[PDB]
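Quick notes on the structure that follows.
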Amino acid sequence: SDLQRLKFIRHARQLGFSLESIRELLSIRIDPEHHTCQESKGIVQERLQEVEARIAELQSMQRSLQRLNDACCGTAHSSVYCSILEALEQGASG
Amino acid sequence: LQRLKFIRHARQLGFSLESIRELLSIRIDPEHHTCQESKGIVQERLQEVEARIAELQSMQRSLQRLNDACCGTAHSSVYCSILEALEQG
Ligand SMILES: [Mg+2]
Ligand SMILES: [Zn+2]
Ligand SMILES: [Zn+2]
Ligand SMILES: [Zn+2]
Ligand SMILES: [Zn+2]
């Protein structure tokens with residue numbers, strides 16, 4: 001139905017599939033007899049790898065930011081002594 | 001060259017232009033700023049990063065499940081579990 005098609009698209013968009021990938025998934029959807037699991041899995045797996053890569057990138061930043069946070073007292077203490085500034089002057093490892 | 005190095009490091013952590021601007025002001029006039037200010041800027045960015053990680057991990061878990069159930073071979077997509085899952089959500 002029209003509602004089911006939108007539901008299909010909605011679910012794919014919720015997983016972050018690109019316009020290109022959703023178009024391909026839709027093509028498979030209405031013409032499955034001429035497509036395979038290798039094609040559908042490839043679409044999913046490529047998106048999966050991009051998501052995991054982005055998570056790892058963010059986690060690296062998360063760890064550095066966490067280290068920056070943890071070393072600072074976070075009070076009225078004069079910034080002339082702030083470890084955050086010292087760290088950023090040296091690098092981005094936190 | 002140091003100001004540019006500082007900015008580079010801040011950029012590597014994803015700080016916004018606004019946050020970098022605030023950090024630079026603290027850096028140049030530290031005697032009139034506090035650790036509370038610098039830590040707040042760090043926490044705002046850290047929380048933004050953690051929020052995005054959480055959103056992505058949610059997608060990752062679902063995608064991983066879709067991946068694992070499919071044979072990924074010449075098997076006709078008429079039987080594909082990925083398409084079935086997408087229909088259901
Ligand atoms: Mg110290
Ligand atoms: Zn302090
Ligand atoms: Zn500090
Ligand atoms: Zn299969
Ligand atoms: Zn399949």
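Keep in mind that the numbers below use all heavy atoms, side chains included, and drop hydrogens, waters and symmetry copies. In listed order, ligands and their atoms are each counted from 1. Order of the sequence lines sets the chain letters (A, B, ...), proteins ahead of strands, with each chain counted from 1.
A salt bridge links A/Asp2 to A/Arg5: at least one charged side-chain nitrogen sits closer than 4.0 Å to a carboxylate oxygen. Ion pairing between B/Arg52 and B/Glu55 holds under the 4.0 Å rule for side-chain N and carboxylate O.
The line from CD1 of B/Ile53 to CE of A/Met61 is 7.5 Å long, rounded to the nearest 0.5 Å. Note: B/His9 NE2 to A/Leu88 CG = 8.5 Å, rounded to the nearest 0.5 Å.
At a cut-off of 2.8 Å, A/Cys73 is not counted among the residues with an N, O or S atom near the Zn ion (ligand 3). Note on A/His77: not counted as a metal contact of the Zn ion (ligand 3), no N/O/S atom lying under 2.8 Å.
When rounded to 10 degrees, the angle formed at the Zn ion (ligand 3) by SG (A/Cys72) and SG (A/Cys82) equals 110°.
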